[PDB]
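Residue numbers (the entry's author numbering), protein chains in the order written: chain Y, 1 to 50; chain Z, 2 to 198; chain P, 2 to 56; chain L, 1 to 101.
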RNA sequence: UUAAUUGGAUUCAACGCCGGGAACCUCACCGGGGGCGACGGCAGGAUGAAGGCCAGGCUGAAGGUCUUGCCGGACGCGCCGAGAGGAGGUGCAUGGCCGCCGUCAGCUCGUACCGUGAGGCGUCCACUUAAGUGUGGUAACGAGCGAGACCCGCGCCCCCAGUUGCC
RNA sequence: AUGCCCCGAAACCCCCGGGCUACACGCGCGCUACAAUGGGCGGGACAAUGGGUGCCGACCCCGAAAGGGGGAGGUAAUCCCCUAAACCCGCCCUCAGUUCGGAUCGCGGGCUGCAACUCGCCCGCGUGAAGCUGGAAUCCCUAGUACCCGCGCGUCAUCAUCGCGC
Ligand SMILES: [Mg+2]
Ligand SMILES: [Mg+2]
Ligand SMILES: [Mg+2]
Ligand SMILES: [Mg+2]
Ligand SMILES: [Mg+2]
Ligand SMILES: [Zn+2]
């Protein structure tokens, strides 16, 4: 089953997490990085990712 | 119109009764009756063991009401149990009694004579039992027991006599039991007397 | 979705639109004045539904 | 006045006549006129069916039948009687409907 | 004959029969595609199982799979036993129901007598009836279920009723 | 409903397309005819059982016809289905494969349906097959009964040469 939850761009001293929150639900839940759209993964959203 | 009213409120009772038969298989569910008044109905069940039907201090009738109101109609129900009118003149109790006795392990001849003696004791005019299944063999059979007057055809032998049927599952197969009791007041047309002076 | 492969379709006519209220079969079902039963169950429940046979 | 109109309808014939005569008497005891129970045509529902489960053997049928007797009563409105016909306590196999004109 | 042309019924008493006038369903039949193991234990599991989706291929069409990466927050057919469910077999293992001998006139019982016994008598004879329905004689005298009586319609008269019926 | 034996990631549960409607042939039950004890055209007469709220549709208006757009009143002795056909009078045909018989096919217009090719039903014009009373055999009926003519429920989203009633 391995391990995969990382690369939420992060260093020491400060953080600016890679992917934004979700505008649909409350904040905290992230979006996709497919490369063409922020699919939002579960709620449906195709803003042609900014 | 109005017929669609009469034969929509006659079916609900059929379904309720046909379900409670199964559910109160033991404790000899005798029959029910719905009294439809304003603001809700009221159900009555003449069991043969108020204890088992009620529950352990009322922990079953709750389920009975919720089930009888969620899956059936009867928007405001109120159940209560009672005791049988005449358990020895109601065929559809003797049928289940004999079926239970059979599937507990008694031989099929002791049960029938027990039952007939009890019935003709409590004051019936005539009774007839008829058992038929795979008893004592692998080719089925049939047997008959009777006691007195009992009408079979015509109009009088459709409304006066009381008849009931049951099953009794076993390790070999099933067995059908069919009883028929005559209430102690027959009064066939032939019984003409002379009011004298 | 594993709830999209054992779920039926909502018919509203044809022999598969109605089933007996007590047995559960499609086919010969009575629709006169509303009650919805087989031709086989109506025959062994009728004298408790109120009916009688005069002729 | 306003001539209430009551409509009874039941499947047992006897258990209808008794509520009819109750209404008749109640009207009579007090002061009010009335039009006696006017019999309306019976509505008999009939259901023909086959008899055997399988298809073998000759074809023999059944004729089940259910009869529904109706009546109709016309009466005036006096609260002494308009109320007196409220504690009448119909049986469970009878239908009653009241309406004025 | 066909990939399939699903089955049951074969004198009366099988063949507009299974209430069977099937476009999908009904459907049990041929081609194809996908889901389903309450419960006890096994590899494994909060370093994150089971389990779900915007877009794109395969496809008849489908997040059904794979590409792509998002989410959800505890269980686990990848392993063993079991268990649902079955228009799968057997009507020659059964129950219930129904057709036919037949709406034909039969089928028995209590006590007594006759035979070593299976059995018989009553239930036979004579006339009469749609009928073991009757009337007489008789080692027989009495009974029970079926028949008749009972229930529903039709044809004639009288009383009570008169709206939504009649004039 | 049910005992025993097999299926048990399948013989269990859903979804799309096909079949049960295939056709050298033997048979059962029926419908229409082989004409005058008739075919067509125009007029005139008289019923009962039953059914309707997911439904029955009066009345008005478009269409040659199927049908279409509006839409009172009806939870029923009230409103609707619902001015039946065989029967009668008047004119054409005159014993002929015909003005008998309407199978089989071409083209065009519609209704129900999520879908009419396989395989639904309905309308208008056209084409016009066998059939001239039936061998040996065999069936049903005793009175408002047999024969002859139409109607209503069931099944039903549409489709009755059928079943059960009048
Ligand atoms: Mg099919
Ligand atoms: Mg015999
Ligand atoms: Mg077929
Ligand atoms: Mg012609
Ligand atoms: Mg077609
Ligand atoms: Zn049923």
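Note that the Cβ used here is the ideal one computed from N, Cα and C, for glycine as well.
Among the candidates the options, whose CA atom is the shortest distance from the CA of residue i?
{"i": "residue 28 (chain Z)", "options": "Z:104, Z:157, Z:50", "result": "Z:50"}
{"i": "residue 70 (chain L)", "options": "L:47, L:10, L:44, L:62", "result": "L:10"}
{"i": "residue 44 (chain P)", "options": "L:48, L:87, L:35, L:80", "result": "L:48"}
{"i": "residue 31 (chain L)", "options": "L:8, L:68, L:80, L:15", "result": "L:80"}
{"i": "residue 133 (chain Z)", "options": "Z:198, Z:175, Z:117, Z:123", "result": "Z:175"}
{"i": "residue 22 (chain P)", "options": "P:49, P:2, P:40", "result": "P:40"}
{"i": "residue 49 (chain P)", "options": "Z:20, Z:121, Z:74, Z:12", "result": "Z:12"}
{"i": "residue 110 (chain Z)", "options": "Z:193, Z:143, Z:165, Z:75", "result": "Z:143"}
Taking DSSP as the reference, what is the three-state secondary structure of residue i?
{"i": "residue 34 (chain P)", "result": "helix"}
{"i": "residue 9 (chain Z)", "result": "coil"}
{"i": "residue 34 (chain L)", "result": "strand"}
{"i": "residue 60 (chain Z)", "result": "coil"}
{"i": "residue 146 (chain Z)", "result": "strand"}
{"i": "residue 52 (chain L)", "result": "coil"}
{"i": "residue 35 (chain Z)", "result": "strand"}
{"i": "residue 10 (chain L)", "result": "strand"}
{"i": "residue 23 (chain Z)", "result": "helix"}
Output needed for residue i: all residues of its chain with C-beta closer than 6 Å, excluding positions within five of it in sequence on either side, in chain order.
{"i": "residue 84 (chain L)", "result": "26"}
{"i": "residue 46 (chain L)", "result": "65"}
{"i": "residue 67 (chain L)", "result": "42, 44"}
{"i": "residue 130 (chain Z)", "result": "113, 146, 180"}
Could you tell me the alpha carbon to alpha carbon distance between residue i and residue j, rounded to whole angstroms?
{"i": "residue 127 (chain Z)", "j": "residue 183 (chain Z)", "result": "6 Å"}
{"i": "residue 16 (chain P)", "j": "residue 27 (chain P)", "result": "6 Å"}
{"i": "residue 6 (chain Y)", "j": "residue 23 (chain Y)", "result": "22 Å"}
{"i": "residue 56 (chain P)", "j": "residue 29 (chain L)", "result": "44 Å"}
{"i": "residue 54 (chain P)", "j": "residue 114 (chain Z)", "result": "35 Å"}
{"i": "residue 151 (chain Z)", "j": "residue 159 (chain Z)", "result": "11 Å"}
{"i": "residue 10 (chain Z)", "j": "residue 61 (chain Z)", "result": "26 Å"}
{"i": "residue 14 (chain P)", "j": "residue 25 (chain P)", "result": "17 Å"}
{"i": "residue 148 (chain Z)", "j": "residue 57 (chain L)", "result": "36 Å"}
{"i": "residue 108 (chain Z)", "j": "residue 83 (chain Z)", "result": "32 Å"}
Leaving out five residues on either side along the sequence, give the residues of the same chain with a beta carbon under 8 Å from the beta carbon of residue i.
{"i": "residue 3 (chain L)", "result": "74, 75, 76, 77, 100, 101"}
{"i": "residue 14 (chain Z)", "result": "33, 35"}
{"i": "residue 189 (chain Z)", "result": "152, 157"}
Name the DSSP bridge partner or partners of residue i?
{"i": "residue 26 (chain Y)", "result": "DSSP lists no partner for residue 26 (chain Y)."}
{"i": "residue 64 (chain L)", "result": "P:54, L:47"}
{"i": "residue 99 (chain L)", "result": "L:5"}
{"i": "residue 107 (chain Z)", "result": "In the DSSP output, where bridge partners are listed per residue, residue 107 (chain Z) has none listed."}
{"i": "residue 181 (chain Z)", "result": "Z:129, Z:164"}
{"i": "residue 69 (chain L)", "result": "L:10"}
Leaving out five residues before and five after residue i in sequence, what residues of the same chain have Cβ atoms less than 7 Å from its Cβ?
{"i": "residue 38 (chain Y)", "result": "31, 32, 45, 47, 49"}
{"i": "residue 25 (chain Y)", "result": "43"}
{"i": "residue 171 (chain Z)", "result": "104"}
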